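So basically every Cβ, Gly included, is an ideal-geometry build from the backbone, and we count neighbours across all protein chains shown. Coordinate-derived values only; no laboratory data.
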Ligand code: HEC
Ligand code: HEC
Ligand SMILES: [K+]
């Protein structure tokens, strides 16, 4: 029974770990590794929010669109395709922000 | 209404609702944020509560599509500012604030 705020807190370190790596040319095997772990952490967060936090159907689709891009980052990392990881991370960032702006409109939230 | 399926955020109605390509004061979320219930600014302007069964029963799907096209009062007109397919997706977003 985690709150949405707890889910966001738990997603911040995976998201910021991801952000720190999207701006590199690098393909350290350990960094590709950490990237897949970070993507799975996000997938797990938005699934927990999507499932256990009944708000409305829009809330569910917003979570799904974050998950869409998180899964795409996972696949692009597995394919050693850093260009795509980068583009999908930008788009996931928008997806995170879409829910924040729609449901917590007058609170300043990251990212 | 044609259901929007979750997908790439560059094609999503939520990105438009959250203001992509619009001034803040012409973005749905600025007035219809806080989960469709209305923001401080939106309530000043007189927004209805999208989460309310009584609001939702006051409009047909066609009336929501025609409204987003035409605007009313401080609710801007969006015809020509997004595609007809996006307007229909947006009507689905309005509906979905009351779908529990
Ligand atoms: C709606 C389905 C959301 C999605 C998609 C994302 N977040 Fe979120 N988040 C949401 C709400 C309603 C809130 C406010 C919680 C509250 O206090 O009421 C948040 C909050 C956060 C936070 C702040 C945590 C804190 O210390 O207070 C963070 C850091 C956060 N969210 C991160 C985050 C990320 C990185 C997302 C995409 C991967 C994301 N959120 C999506 C609702 C929703
Ligand atoms: C503030 C400048 C607004 C913005 C930006 C958006 N809306 Fe709006 N909306 C606003 C007001 C003050 C009202 C009441 C209008 C009235 O006099 O009745 C509304 C109303 C709606 C409705 C219901 C239609 C009705 O019953 O009048 C819908 C479906 C609606 N608004 C949708 C909507 C969309 C999809 C927006 C972004 C594309 C949007 N609004 C922006 C205020 C404001
Ligand atoms: K879903």
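Just one of (1) over 12 Å from residue B:94 (Cα atoms); (2) out of contact with any helix residue (DSSP H, G or I) (no Cβ under 7 Å at 6 or more places or on another chain); (3) within 12 Å of chain A (Cβ to nearest Cβ) trips up residue B:37, so point out which.
Failing condition for residue B:37: (1).
What are the residues in segment B:50-64 that are in contact with a helix residue (DSSP H, G or I) (Cβ under 8 Å, 6 or more places away or on another chain) and surrounded by fewer than 19 Cβ atoms within 10 Å (Cβ to Cβ), if any? Please lay out each step first, then the result.
Filtering segment B:50-64 down to residues in contact with a helix residue (DSSP H, G or I) (Cβ under 8 Å, 6 or more places away or on another chain) leaves B:50, B:56, B:59, B:61, B:64.
Result: B:56, B:59, B:61.
Which one is surrounded by the most Cβ atoms within 10 Å (Cβ to Cβ), of the residues in segment A:84-111 that are more than 13 Å from every other protein chain (Cβ to nearest Cβ) and part of a helix (DSSP H, G or I)? Spell out how you get there, then give the answer.
Filtering segment A:84-111 down to residues more than 13 Å from every other protein chain (Cβ to nearest Cβ) leaves A:85-86, A:108, A:110-111.
After this cut, where a residue has to be part of a helix (DSSP H, G or I) as well, the list is A:85-86.
Working: A:85: 24, A:86: 16.
Here the residue is A:85.
Go through segment B:54-97 residue by residue and tally those that are more than 16 Å from residue A:58 (Cα to Cα) and either more than 7 Å from ligand 2 (Cβ to nearest atom) or not in a helix (DSSP H, G or I) (or both). Write out each step before concluding.
In the first step, residues of segment B:54-97 are kept if they are more than 16 Å from residue A:58 (Cα to Cα); the result is B:54-55, B:57-85.
From what's left, either more than 7 Å from ligand 2 (Cβ to nearest atom) or not in a helix (DSSP H, G or I) (or both): B:54-55, B:57-63, B:65-66, B:69-85.
Matching residues across segment B:54-97 total 28.
Where in segment A:1-83 are there helices (runs of 4 or more DSSP H), lying fully within it, with 2 or more residues that are within 14 Å of another protein chain (Cβ to nearest Cβ)?
On the way: elements: A:4-22, A:29-52, A:57-78.
In segment A:1-83, the matching helices (runs of 4 or more DSSP H) lie at A:29-52, A:57-78.
Would segment B:8-16 turn up any residue that is more than 16 Å from ligand 3 (Cβ to nearest atom) and within 14 Å of the chain's Cα centre (by Cα)? Spell out how you get there, then give the answer.
Our first condition is that a residue be more than 16 Å from ligand 3 (Cβ to nearest atom); within segment B:8-16, this holds for B:10-11, B:15-16.
Remaining after also requiring within 14 Å of the chain's Cα centre (by Cα): B:15-16.
Yes: one or more hits.
Can you pull out every residue in segment A:41-66 that is surrounded by 15 or more Cβ atoms within 10 Å (Cβ to Cβ) and farther than 15 Å from residue A:8 by Cβ?
Answer for segment A:41-66, where residues must be surrounded by 15 or more Cβ atoms within 10 Å (Cβ to Cβ) and farther than 15 Å from residue A:8 by Cβ: A:56, A:57, A:58, A:60, A:61, A:64, A:65.
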